[PDB]
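Data file: final_19.txt. Format and content: compact mmCIF, C-alpha atoms.
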# COMPACT_ATOMS: atom_id res chain seq x y z
CA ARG A 3 -10.80 -1.77 13.25
CA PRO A 4 -12.88 -3.56 10.55
CA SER A 5 -11.68 -3.07 6.96
CA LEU A 6 -15.21 -1.98 6.03
CA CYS A 7 -14.36 1.36 7.67
CA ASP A 8 -11.87 2.13 4.84
CA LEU A 9 -14.51 1.76 2.12
CA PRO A 10 -15.76 4.87 0.31
CA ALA A 11 -19.30 6.22 0.59
CA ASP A 12 -21.51 4.49 -1.98
CA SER A 13 -25.04 5.74 -2.75
CA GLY A 14 -25.95 2.44 -4.37
CA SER A 15 -28.17 1.29 -7.22
CA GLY A 16 -31.64 1.81 -5.71
CA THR A 17 -34.20 4.59 -6.14
CA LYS A 18 -35.06 5.77 -2.60
CA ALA A 19 -33.99 9.09 -1.08
CA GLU A 20 -32.52 8.10 2.28
CA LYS A 21 -29.62 9.10 4.55
CA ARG A 22 -27.01 6.84 6.11
CA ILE A 23 -23.79 7.06 8.10
CA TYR A 24 -20.37 5.97 6.82
CA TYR A 25 -16.96 6.25 8.42
CA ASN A 26 -14.72 8.71 6.56
CA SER A 27 -11.25 7.43 7.53
CA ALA A 28 -9.69 10.59 6.06
CA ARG A 29 -11.63 13.01 8.26
CA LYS A 30 -11.62 10.48 11.12
CA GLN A 31 -15.38 10.91 11.63
CA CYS A 32 -18.77 9.28 11.00
CA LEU A 33 -20.60 11.38 8.47
CA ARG A 34 -23.94 11.48 6.69
CA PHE A 35 -24.40 10.50 3.03
CA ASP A 36 -27.25 9.83 0.56
CA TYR A 37 -28.28 6.18 0.11
CA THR A 38 -30.77 4.74 -2.39
CA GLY A 39 -32.01 1.74 -0.41
CA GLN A 40 -30.05 -0.90 -2.33
CA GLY A 41 -26.44 -1.75 -3.20
CA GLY A 42 -23.40 0.13 -1.94
CA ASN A 43 -20.85 -1.30 0.47
CA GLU A 44 -20.47 -2.36 4.12
CA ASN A 45 -19.46 1.14 5.30
CA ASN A 46 -23.19 1.84 5.73
CA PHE A 47 -24.94 2.37 9.09
CA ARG A 48 -28.43 3.57 10.00
CA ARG A 49 -27.24 4.94 13.33
CA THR A 50 -24.20 7.16 13.96
CA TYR A 51 -23.38 5.49 17.24
CA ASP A 52 -23.05 2.13 15.52
CA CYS A 53 -20.63 3.70 13.04
CA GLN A 54 -18.62 5.16 15.95
CA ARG A 55 -18.35 2.00 18.06
CA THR A 56 -17.37 0.11 14.93
CA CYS A 57 -14.98 2.60 13.31
CA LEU A 58 -13.94 5.43 15.68
What would you get if you wrote out this structure as structure tokens?
Amino acid sequence: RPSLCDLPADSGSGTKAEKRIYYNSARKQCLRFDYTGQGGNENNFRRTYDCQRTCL
């Protein structure tokens, strides 16, 4: 279990209106969150399955 999975959701510094997946270790599930296209942290995936095989 990569330590990136413990990181909190981070929308970032950018200006785009996008959606990404991050592993919420508290709820034990890969959830959706708003991303700006730049910045943030490693707990950021474009596909839910990738978040699951990495963190669940």
*Interatomic distance between atom CA of residue A:28 and atom CA of residue A:16?*
26.4 Å
*Would you be able to write out as a PyMOL selection string which residues have an atom within 8 Å of (-26.7, 9.1, -3.9) in the file's coordinates, counting only C-alpha atoms?*
chain A and resi 12-14+19+35-38
_Polymer residues at most 12 Å from residue A:45, all atoms listed in the file, same-chain spacing of 3 or more positions, as a count of residues only_ = 32
_So that I can check the surroundings of residue A:39, please list as number ranges by chain every protein, DNA and RNA residue that reaches within 7 Å of it, counting all atoms listed in the file and ignoring chain neighbours fewer than 3 positions away._
A: 16-18, 20
